[PDB]
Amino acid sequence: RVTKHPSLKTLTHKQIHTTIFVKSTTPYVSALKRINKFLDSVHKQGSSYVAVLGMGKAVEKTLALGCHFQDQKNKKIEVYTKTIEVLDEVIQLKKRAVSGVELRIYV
């Protein structure tokens, strides 16, 4: 319990500018605004989609955002179910698995 490390993210430089990570703390509109900006900027980066990632507590809200873009903004979205390995210490580093979602929003 003493501390919990974040997830390993094997991302390239081009992925870093195309991927958003949703926190439990993230407010709804803050996330909307951020995704919008990524949609416009993804043209320059040369990718079809903006990847939106969320896990645990954030899952519902992450998907609620995917519902907004798919319906109210007529975007074509793919939805993936994910398992994420996370390291904890309770002393010794122990592995722990949490379930999440990859949500690709196409331009």
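A residue's number is simply how far along the shown sequence it sits, counting from 1.
Between 42 to 50 and 77 to 85, it is 42 to 50 that carries the larger average Cα temperature factor according to the deposited entry. Set 58 to 66 against 33 to 41 and average the Cα temperature factors; 33 to 41 ends up higher. Annotation for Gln15: C-alpha temperature factor in the highest third relative to the rest of the modelled chain, per the entry. In the deposited entry, the Cα temperature factor of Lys95 sits in the middle third of values across the chain's modelled residues.
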